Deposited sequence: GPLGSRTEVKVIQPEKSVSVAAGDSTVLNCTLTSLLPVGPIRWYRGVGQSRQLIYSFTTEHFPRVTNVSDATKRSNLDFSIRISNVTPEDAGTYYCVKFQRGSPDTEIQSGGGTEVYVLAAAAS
């Protein structure tokens, strides 16, 4: 019954200059630990979340949005093509990766 990292799209096609969304959701925020996005597996860190939250009042959350770790790439360039993994870690000294999504490949059109 451990946490699952869900990347629903095996691939996304995007025109250069357009924006795209890489979807990732988790079934839980536990155990505490960041969610990070990598290109490749070698791999390149591109985005990171904590499971902490901003004060709720400054949001103008839901069960689903609290678990949505999707990222956007704006103004896509050919060098954005590749496979992107959403990865959940347990917090520690140091953190250890516990689960990875299945990868989403980004196809960039001219």
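What gaps appear when the modelled C-alpha atoms are mapped onto the deposited sequence? Those parts of the chain that were deposited but carry no coordinates are 1-6, 48-49, 69-70, 121-124.
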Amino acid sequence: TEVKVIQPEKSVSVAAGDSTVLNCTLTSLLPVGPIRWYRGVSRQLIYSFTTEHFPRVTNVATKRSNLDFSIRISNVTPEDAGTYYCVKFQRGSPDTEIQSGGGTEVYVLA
From here on, numbers count along this sequence of modelled residues.
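Pick between 22-30 and 50-58: the one whose mean CA B-factor in the entry is higher. Going by the record's values, the stretch with the higher mean is 50-58.
Looking at the C-alpha B-factor values in the deposited entry, which of 39, 72, 63, 36 comes out highest? If I rank 39, 72, 63, 36 by C-alpha B-factor, first place goes to 63.
Taking the C-alpha B-factors as the PDB entry records them, is residue 3 in the lowest, middle or highest third of its chain? Its C-alpha B-factor, which the entry lists for residue 3, ranks in the highest third among residues of this chain.
Compare the C-alpha B factor of residue 98 with those of the other modelled residues in its chain, then answer lowest, middle or highest third. It belongs to the middle third of the chain when residues are ordered by C-alpha B-factor.
Ranked against its chain, the third holding the CA B-factor of residue 12: Within its chain, residue 12 is a middle-third residue by C-alpha B-factor, going by the deposited values.
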